[PDB]
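Quick heads-up: it's one chain on its own, the form deposited in one PDB entry, in structure tokens.
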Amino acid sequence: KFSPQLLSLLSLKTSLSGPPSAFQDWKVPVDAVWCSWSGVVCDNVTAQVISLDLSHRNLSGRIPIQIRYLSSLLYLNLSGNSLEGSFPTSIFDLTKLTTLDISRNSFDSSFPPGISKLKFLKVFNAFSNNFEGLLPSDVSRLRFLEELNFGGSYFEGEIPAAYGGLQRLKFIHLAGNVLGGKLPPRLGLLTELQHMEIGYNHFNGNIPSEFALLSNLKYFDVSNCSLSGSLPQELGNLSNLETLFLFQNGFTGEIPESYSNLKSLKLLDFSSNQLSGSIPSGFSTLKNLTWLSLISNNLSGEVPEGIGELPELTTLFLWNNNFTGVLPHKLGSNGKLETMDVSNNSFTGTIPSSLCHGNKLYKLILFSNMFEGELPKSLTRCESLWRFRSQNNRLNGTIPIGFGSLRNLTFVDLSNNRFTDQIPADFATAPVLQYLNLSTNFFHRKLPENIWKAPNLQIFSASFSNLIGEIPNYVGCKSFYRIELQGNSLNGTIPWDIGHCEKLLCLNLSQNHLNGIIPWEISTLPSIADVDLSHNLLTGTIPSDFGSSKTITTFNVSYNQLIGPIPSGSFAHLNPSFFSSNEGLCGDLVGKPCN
């Protein structure tokens, strides 16, 4: 004969379909052999299966009814497989079960109504499936349930108010379904609740005032729903809250001053709502705060000076509001600031000298405000700086020397400011700088001679600055693929060693005072696609070889003094406007035949 435990396990072997590796070793020889089988743990006395782990074995098919004979089972894990069909009711006959995890499968249809038979269930995880229809009210009867996860499916309807009566519930997760309606105030009755993750649904209305009774709640997330109205003031009474995510909703009004009572708060995210008024100065007392985010609201006024001395502050995001006044002059002094983005506001005054006090600042985004004054020399000693976007301000003076010394500096945009005098020569020597935009300033000076020797450096623009003199020789122009120098006062001739720029794709030298000829070496460039040399003084022919440059899609040389025939090949198929206002130029392409 054979033990029902063995037969019940073998039923599973033959009912579920996976690769041969899935159940290789579930082999019977020629007693209690099944206890050597992977995923199986037995009571050492009676030989019954008490734990069964079939997680991540690439299985599909259905659970066979015979599973009910594994009657002293405590733990069951089927997660990370391809199980399908409705949820198998025979699981409800495993009445000693404390832990049941079916997450990351494809179970579908409505959830069957028998789960209260599992009287002693502590943990239930069904995250990420295909369930639909109503959330089972039945789970209300599980008096020892501590952890409940029903997220990542397509459950619809409201949250059953009866879930409020799960007196020992610590963790609840219902995020990422199609739940709707109003959050039931009765959920505030969950005394021992510590984690509440229920966003990415369609909940409307406000957050129930009785949620302020969840004295043990450490984590709260209801982002990306349809909540609206004022933030609930009473959420100030939650003194254990570490994480508050309320972003991507439709809250309005002011931020309650009472949130200054959240003394253990670490992450605060109110991104993408419609909040207005000023950041409460009581935020200066949130000393545990690490991540402060208010992106994309209708906030205004001044940033309280005190947020510049929050000791733990790491991430500060205020972009896309309308704050006014200056940045708290001590911001950065905590030695801990890593990333800061306050773009698209109305900030005035100087950039604080202490932003990078502890070499942890790697991302500094300031663009589209009205910052003024000189660029702080301290940023040139910001050892960790990686991304610096400060375009569209009123920064004046000489750009300081020092940026060439920062090993991780890779993106710099200082365009559209009011900088003067020399461009820093050491920009040519910064080890990993890839993007550098200096367009729209007031230099009135030459390019640094060494500019094209920048090792990595792919995109360089200085269009419409006030550049003068001649373009330096293209010596080893190693990784450039986009060069923008339009709208300056560059004179002399295009350097004839331009062929060193093997990676070049777009080149804009238009609207200068360049003369002499078009350099022949442009023809030898492997990938060049865009060239614009219009509005200059160029003379000579367009080299015939250009007609076999297969990659060329744009070649605008209009408004010059070129002469001779337009080449034929690729050039046969180009816009005629590229060749206009050149009295001496000719060709079928442009309507003036040759000779």
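In this text, residue numbers run from 1 along the sequence as written. We call the rigid core the largest set of C-alpha positions that still match within 1.5 Å between the two forms. Shifts are known only where both forms have a C-alpha.
There is another form of the same protein, the form deposited in another entry; it is not shown, and what comes next is about it.
Visitor: Could you tell me whether the Cα atom of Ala47 shifts by at least 2 Å between this form and the one not shown after core superposition?
Guide: Yes; that C-alpha moves by at least 2 Å between this form and the one not shown.
Visitor: So the CA-CA distance for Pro112 and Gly39 moves by at least 3 angstroms in that other deposited form. Closer or farther than here?
Guide: Nearer in that other deposited form, by 3 Å or more.
Visitor: What moves between this form and the one not shown once the core is lined up, counting runs of 3 or more consecutive residues with C-alpha shifts of 2 angstroms or more?
Guide: Only these runs move by 2 Å or more: 10-17, 31-48, 580-591.
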